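Novice: Have a look at this one before I ask anything.
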Amino acid sequence: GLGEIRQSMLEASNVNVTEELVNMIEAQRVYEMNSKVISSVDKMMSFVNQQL
Amino acid sequence: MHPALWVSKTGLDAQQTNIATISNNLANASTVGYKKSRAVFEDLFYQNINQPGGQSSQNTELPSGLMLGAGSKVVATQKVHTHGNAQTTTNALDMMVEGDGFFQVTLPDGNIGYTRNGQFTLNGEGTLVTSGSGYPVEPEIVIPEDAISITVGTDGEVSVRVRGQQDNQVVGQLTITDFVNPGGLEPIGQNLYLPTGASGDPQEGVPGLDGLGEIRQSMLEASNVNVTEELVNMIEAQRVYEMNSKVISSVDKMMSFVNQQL
Amino acid sequence: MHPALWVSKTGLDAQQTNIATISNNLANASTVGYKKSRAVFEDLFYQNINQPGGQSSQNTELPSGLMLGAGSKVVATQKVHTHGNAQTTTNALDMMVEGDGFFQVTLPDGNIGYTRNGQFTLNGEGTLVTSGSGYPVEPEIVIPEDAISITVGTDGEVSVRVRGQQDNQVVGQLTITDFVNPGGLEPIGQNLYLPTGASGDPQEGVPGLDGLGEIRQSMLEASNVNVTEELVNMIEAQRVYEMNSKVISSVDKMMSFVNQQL
Amino acid sequence: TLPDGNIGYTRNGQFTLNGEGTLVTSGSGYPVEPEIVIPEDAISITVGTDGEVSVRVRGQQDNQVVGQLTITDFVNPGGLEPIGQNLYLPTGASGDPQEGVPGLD
Amino acid sequence: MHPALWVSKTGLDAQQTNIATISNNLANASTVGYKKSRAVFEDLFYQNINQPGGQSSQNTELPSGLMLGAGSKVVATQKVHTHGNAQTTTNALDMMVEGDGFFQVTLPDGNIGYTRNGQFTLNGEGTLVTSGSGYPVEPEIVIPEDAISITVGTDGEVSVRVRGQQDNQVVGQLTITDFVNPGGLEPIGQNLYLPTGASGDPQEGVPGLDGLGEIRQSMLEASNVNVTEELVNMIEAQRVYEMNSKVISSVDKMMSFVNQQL
Amino acid sequence: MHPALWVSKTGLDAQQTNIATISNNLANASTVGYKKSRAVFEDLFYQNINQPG
């Protein structure tokens, strides 16, 4: 089950640049949306301090 | 995060694989005995929101339900095993299978690799071997150093002519193997195929009887790639690839707008 | 960065290797005893995504599996060792081999190099050497200073006619070397070859007997290049070269589009 | 198979292999029921539609089957107990686990 | 501030070094005896959050840990010492080494510089010097004022033809130095290299024995750069450079959003 | 601004001097007793980031 040795040949990386860029899009938006929850709670706690 | 983001990711993945298949065909536009490949597309599963045919009220059923798709993918790479054009050469040790059949060579591991390439040569011992890595051809054909000319018949009978002897000296008999589904063979590179479960049992025999092709000496089989087809498929794939990039871009702008507003 | 970029790079490199082979043949269109070369292509390994014949569900196996190729490369540069045309010249020191065989010369390092070029001359000491770098021919053939005519027979026997003696006076014998696979010889330049492991053991002998060719005096062997075939091959290899560049151009435009949009 | 011994049910499909070749989860490393042992002589893995696991072995046609995966459904999956790690535990209101070939019933 | 900012910044610097390497290869596309360079990419260390293989409870181990890479960098620039093409020139003072070996010149500081460039000439005193700054070639080869022709043999023996006198006079011997790893030579510009700790001990000897190359008079060694690879590598390097800028821009926009929201 | 900009500038300048030398030889194709000229190329110094050895 071992592979063979190929002279004068190099193995390129298996990264998919298009996949990484799309995953960057999703990660950025979910990162910003979690900040929305923290900001919403921060304004909620601020309103409680002024009211209660 | 958004259904249209994941659906277009599958679309981009399919078109990247489709382009890579085309790029492989155009790379092998001069390889001897290369069979072109075409990617097979199929849609993914459909999410079942509203069931088509579900009974909304008696004597009434949903004529068409709300079924959302999950995108598309490339399910298979089909080797189109149509015959390629013949190249006329002056070499006497290059052969061609006119019709169905595969040459069989002995791999170093011990198994037999099946090849459509006909470019053969001689080793130090005179055994007929492949013109690439030098694998021996099954069955072994050893040309003695008492020969002045090599002739390979249609029925695969390898005969050499001895100096000072008015008689052909038969020194071998090539046998070729056909597969019911040659597209099911596993390409292992070096113009070699290995049998698989879906390929079927190898059926070996004389090259010219029982549906086998004929051995053509001094002739080579060109690749069956159509550069006109590959380029047009290259242009179409590039546009469909850009189609799903716009959908991702629109979804990306939609989420950014919602973050700023909501 | 993109699989189609690497595959097309292999396609571009293979075509450059092919055109460089054709350009070499065209450059040596007037070399004496030159054997043309052809580039042998073969596809590289295939990435195994979906195994052909894999048991996708019971009683069913994948007919065609998703296998992506890695491109192609020139696996070998095969020397076409076919006999060339004979040139008739008034020189008495240029010989030709009618059939299989190689002239053997003494290299500066001491080894024996095999040449099909028959353009020979004499040095100051009268030894028969090549008209190139002056490598003496094995075995040494020395022409006495009293010789008025030099004749080389079919069997390679070198004899001269001396002023004051009927019948030729033998001065040496020529032996030529054959190989089971001359395509395995190593080209070391200056129309010389060296034996390799794939070429086989050298086998000497008198010319004319036991398969060896005959020494033809006042005759030269032209290069076996067919410029008509060479010119057509360059046009074909140029087209395939531009086929792969369009894929690199397409991929680059694809990556540029994603950067601008995504 | 949870460390305590009970069976946890997951919708996460990210799997890998341990040192011994058994199919496990890509996270904490729990094995998958039934155990699927991938031999070290395999060159590729194909998982069938009905959960049949096969491996391609060089020198052999007709890829060798090494195991059969089964999946569990519930009448009320919303009644499961989320214990984290993308794992659910059966409960009283979840219903009896129904196990079989992945694609029938 | 953010791990992605540092990881992507390393990628930007790596591509810039690679592009700077490509530009130098294309700049020296016509330099005689120039060897192309290739940038070797390697990843940085990996931050170990969760240990891969650490035991997650008993009879269970983490099959894959949470390991984050620190980016990438260009660790080395490799000199690809593959032989270039041979330029056929009419000048008698430009020689080329065919195979391994380097010429030896005298640096002003006293050390010996090694050059594959063969374009030589004479200075006022008749010493055979380089065609650039005029450094003498070791060992000294002083051409006598009475010479009418200069011949350099395959074994590096240099001879001249004095007027009237026969039996051409020997004026000196050319010796070429070989290194076990010529890629370890430090390039000091001016088509010169210097021996280093990794290059190996300088192996001096006759040009044509002991594995050394042979001197080819009236011949030059063109640069071995492949313009096809340089331009395609520039295409890939430019895109990956743009890819890393997208991450930094995304991180910049993410931190701007946090500052306004949090 | 960028290392490749300066490297390619030298390459552009080197080929301009080479093309100028060739164009001069073509101009003096009828000048009696003229000796042609050839440009000799050499690489510039190397920046030592990591010592090879």
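Residue numbering restarts at 1 in every chain; chains get A, B, ... in the order shown in the structure tokens, and ligands count up from 1 in that same order.
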With a distance threshold of 6 Å and counting only C-alpha atoms, extract the residues of chain C near chain D and express them as a PDB file with C-alpha atoms, in the first residue's frame.
Specialist:
```pdb
ATOM      1  CA  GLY C  54     -16.386   0.824  -5.148  1.00  0.00           C
ATOM      2  CA  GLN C  55     -19.416  -0.694  -3.426  1.00  0.00           C
ATOM      3  CA  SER C  56     -21.802   2.254  -3.494  1.00  0.00           C
ATOM      4  CA  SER C  57     -24.703   0.344  -1.906  1.00  0.00           C
TER       5      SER C  57
END
```
Novice: For chain A, work out the contacting residues on chain B at 7 Å, counting only C-alpha atoms, and write them as a list in words.
Specialist: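 Written out as asked, the residues are residues 1, 252, 255 and 259 of chain B.
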Novice: Counting only C-alpha atoms, which residues from chain E have an atom at most 6 Å from any atom of chain F, and could you show them as a ChimeraX atom specification?
Specialist: /E:20,23,27,31,184,188-191,196-198
Novice: As an MDAnalysis selection string, could you give me every residue of chain E near chain B (at most 12 Å apart, counting only C-alpha atoms)?
Specialist: chainID E and resid 253:254 257:258 260:261
Novice: Residue 174 of chain C: which residues within 9 Å, counting only C-alpha atoms, same-chain residues fewer than 2 positions away excluded, as an MDAnalysis selection string?
Specialist: chainID C and resid 103 137:141 152 155:158 172 176 205:207 215
Novice: If I take atom CA of residue 168 of chain B and atom CA of residue 175 of chain C, how far is one from the other in Å, to one decimal?
Specialist: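 Computing the Euclidean distance for atom CA of residue 168 of chain B and atom CA of residue 175 of chain C yields 28.8 Å.
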Novice: Please identify all residues of chain D having at least one atom at most 7 Å from any atom of chain A, considering only C-alpha atoms, and return them as a list in words.
Specialist: residues 41, 42, 43 and 58 of chain D
Novice: Mind giving me the straight-line distance from atom CA of residue 116 of chain C to atom CA of residue 24 of chain C in Å, one decimal?
Specialist: 18.0 Å
Novice: Give me the residues within 8 Å of residue 135 of chain B as number ranges by chain, counting only C-alpha atoms and dropping any in the same chain fewer than 4 places off.
Specialist: B: 105-108, 129-130
Novice: Skip residue 59 of chain E itself and residues of its chain fewer than 6 positions away, then list as a PDB file with N, CA and C atoms, in the first residue's frame all residues within 10 Å of it, counting only C-alpha atoms.
Specialist:
```
ATOM      1  N   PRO D   3     -17.589   7.247  26.533  1.00  0.00           N
ATOM      2  CA  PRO D   3     -16.644   6.649  27.492  1.00  0.00           C
ATOM      3  C   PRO D   3     -17.319   5.868  28.603  1.00  0.00           C
ATOM      4  N   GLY D  29     -12.973  11.831  19.774  1.00  0.00           N
ATOM      5  CA  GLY D  29     -12.377  10.569  19.383  1.00  0.00           C
ATOM      6  C   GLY D  29     -13.153   9.326  19.748  1.00  0.00           C
ATOM      7  N   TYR D  30     -14.457   9.435  19.971  1.00  0.00           N
ATOM      8  CA  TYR D  30     -15.248   8.266  20.325  1.00  0.00           C
ATOM      9  C   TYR D  30     -15.459   7.380  19.097  1.00  0.00           C
TER      10      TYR D  30
END
```
Novice: Within 12 Å of residue 90 of chain B, counting only C-alpha atoms, which residues show up once you throw out same-chain ones fewer than 3 positions away? Write them as an NGL selection string, please.
Specialist: (:B and (87 or 93-95 or 217-220)) or (:C and (80-83 or 224-226 or 229))
